[PDB]
Structures are given as C-alpha cells and as structure tokens.
C-alpha cells in the first residue's frame, strides 16, 4: 500500500480516516457535506482512489450505500455531518440491521469539549443508533482512528453482516498525528465466539436425515447469498425442491424445474404446500420471520427441522429445531456435498413421488394474473422486462404491491440481482438503491421497479442519477395509490379509503403528479405507457436509450397481490381469488 504521507510525518485526523478507508479497499463513498464533516470532505478530495457520489438527501446516501453493498457483497460506506445529517441516516441503518447488510456509517460530531451541551447541530447519535446498529463508536482520540475503522469494517462484514456507525468529533478531525497501522483489534469477546468450521459429526447426521425422509424441502434465505454454487451442487446431488424467502431470491435459479419459488404470506401456493406437508425442513440461512411462518405451531408441523445459521441468537428463537448447525452455510454445504458425493450409490436418493406431488400443485395453483381490455397488468410488465433483459438485470424496488410482483414475476438467475427492503420494508428505497447498484456494477442493466408512492419519497435523487451520469432505468408502476395499504383496506375495512389515494381529488382522472416532468426537471428522458400493446416497445426503448430513463407505467389501481395468507394465519387461510373490483 502506497501512502500520500511520509511514515514520520504528522497529518490531520480527517486524513488518517480517509487513508484508513483506502487501506480497507474502499473505492466509493456516499457523502453529503456539512459543518461537522467538512474536514473529512476536504481530505476526500485529496484522495485519488475513493470517489464520492453526492446524494441530494442523506437518506438517499444510506440507501445508495445499501444498494452498493447488496449488489456486490462489499460493504457500503456513507458519510454525514452532525445533527440533521446524522439523524437522516437512521432509516438506512435500521434497514441494514434487519436485512443483515454490511454498512459503515461515518458521522461528524461537535468538538468533544461540547458533547452534551446541546451545541449547534448536536445530536447524541451514538445514543440514538445503539439499538439499530450492529455496533457503534464515539472516537475520543485521533490515536484511535486506525483501530476503530479496522474494527468497524471487520464487525460490519464478519459473522452476520450489519451496520456500524463511527462518530467523529470535529477537533479530532483537525488534530495532527502520526497513525499506527499495526494495532491489535480490541474485540476479544466477539472474536472468541466466531463460529468454527462445521465438523462431520453434525453434517453426516443431516445427510442421514435426508436419506430417511420422503418429503424434504429446502427453506432458503438471505444467508445463502454467497453460496449459490454450493447450493446448486447440493440440489443436483439430492433433488430436493427449493422454496425461498424474499431476501433469498436468486440463491437457487427461479427458472429451474426444482424451484418452488417464494414461500410466505405472498408466496406461491405450491411452495407453502411443500413446507406444510414436508417431513424434513432444511432451513438454510433463514430467520423464521412471521411473514413466511404465519401462525407458528402450524408452520411445518409434521417436519423434522434442520437449521443452519451463522447467528446462534437465531437458532431456536421462533421455531425450535430438531437438528441445528451454528456457522457458515457455505462451509456446511461444502461439507455435506462431499458426503453426498462419496456415498452417492450407497444412498441412491430418489424423491420422485414427492417432487411429482408438488408438480400437480404447481399446475393446480400457478401464479396468475388478469388482463382487462387494453389496460396494462403490472405483472405482465415485469414479465416483459424479464424477457427483454434476459433475466440478467439488477432489480431494486420500493415497498408494497409492486415489490411483491417484482419478486413473483422476474426470474433471478444469480443472487445480488434482487435488491429490496425486506425486514424494515422502507419506502423510497428502490431509487437510491439503484444508484448504489449501478456505481458498483457499471456494466450491468440496473432497473428500479418502483411504485408512485415510494418513488416520490426520494425523487430528489434523480438529480444524482443525471449528474453522476448513471444508466439507471426506472420502471414506475403507477397506480395512483398506496396499493399495499389499499389491498388490506379492501379485504378488512370494507374498502373504506383512509388516506391511500395519491392523486388529486379535484382532477380525479388525471395522472398526478406528472412523473415525466420530475424526470425532465433533471434532464432524464422519459415516456408514459397506458395501452398494453405499446408496452413491449416502450420497455425496449427504455433499455436501448443510453443513460438514465424513466418509464411511467399506468396500471388499474384495484389489482391485488395474490396469493395471500392473512397475518398470523395458516396454509388453510390462503386467499387465492379476488381483487378490488366489482
């Protein structure tokens, strides 16, 4: 590593922190400047390897860092000033923690001598973010910067990945010092309980259970994002069907005959059927979240549960397993793969009768949508995008109906193609997320499947897309409503509208606001499409036009995401029919 400073020569704390980032392999930050972080931004300009993407609001900054992180496997880095800068990161951090996204957040702070005095732009950010980050730090000495950054990146990326925040007082940024880069990390506790490689004692007991079962199911989630090859090989050696959580899409290719697609509340009927009637549940890298389980005692009630997780706090949290393995699923699969490879003819595994039993359910209840006259079905739009991009686009989304359809109707080949807020479910995620994805993946098609409710929340980032000259494609499914809330309104509150309409009550038939004009304000080419016939061409034009593009897709507002298990329900409660129409 080549420094920009002599080994014996003092420099500012701000300059130490930036070098600390360079030494971690950081190439991009998302930083919005302010009083308490100016020094860091000054140090940033004199770096040649780190580029800064300036957002227009710091919530854009964080979600952009998440996009960056989710679409690459690298940690996302964002920087903010004290006070209002810092607090605007809060939703992103909470989002990153719940979805296990590696993130390092750096915030400026008032000078140390003023911490606690309610100074200009002061917020006890360490206090505020304690329950919503993996860990955080207040830097109280310039001597500590090398050690804290190293710890921050280590903690953020190791074990169960998560957000780490580092608060840096202005006077520390200014203090001249000589950094020492060979300090030991002060993480003795965390480091002592980092999971060991799985030994064969546990792994052969699982292969034993597989060979003894008649109806096995793979329940696969966000823990498997780095184990696509391993899981691939595991399936071809067992022939066990694969259900997936929303966070796990793409781990196993959605367009394969062994794929049961997504399970859960808006999961496919056949996936939930498989899990309902399975005798062996192989839960790899999941957290038995309420959205997939529903009522707990009814979830895989006839199943022998095997649960592999890198977090011990997750094992036996919601459903208590029969067999458990604590550690990396990649290694567990690698180990299980060898056992299955060696004893292949010794086992002669055949799950034909079970796989077939599922194949009839896949036909009796496949994913379906209605086409009404010339109106665009949102589902069909996503199918056309899938066909035209050849299933190879990076997709980010907002939250709601459109998010579920983007999950249901696009066929993700690899993981890290699907970027979405699952745990927290934060609106205004898709657009800034797309920015991060595109900066991390300069040669890939990046499409933000967004809703008009979500899109508008962080519309200011269209300024960012244009200025940063990024080829973000926006497929806006415009249905004039907060659809997800409207669906629940329709089915539980006698269709009584409670502030879910997003258009203008005066001109109730006019599309409002005009999303094309937002795009024009930022010099981004845009088109609107209303007839289904024009769709195939409109989307093709979006893809072909160089640089950013917005396509406003008008959809009938009364479509419903199906299937649906009402919250806290069972597989028997599954709703497969109906909409907000007549």
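Positions refer to the first chain, counted from 1.
Looking at mean Cα B-factors across 317 to 325 and 340 to 348, the upper value is held by 340 to 348. Comparing 195 to 203 with 170 to 178, the higher mean C-alpha B-factor in the PDB entry belongs to 195 to 203. By the numbers in the PDB entry, the CA B factor is greatest at 355 among 160, 134, 355, 74. Between the residues 405, 365, 455, 154, it is 365 that shows the highest Cα B-factor in the PDB record.
Placement of the Cα temperature factor of residue 391 within the chain: middle third of the modelled residues, per the deposited record.
Placement of the Cα temperature factor of residue 371 within the chain: middle third of the modelled residues, per the deposited record. The entry lists a Cα temperature factor for residue 238 that places it in the highest third of the chain's modelled residues. In the deposited entry, the Cα temperature factor of residue 208 places it in the highest third of its chain's modelled residues.
When the modelled residues of the chain are ordered by C-alpha B-factor, residue 557 sits in the highest third.
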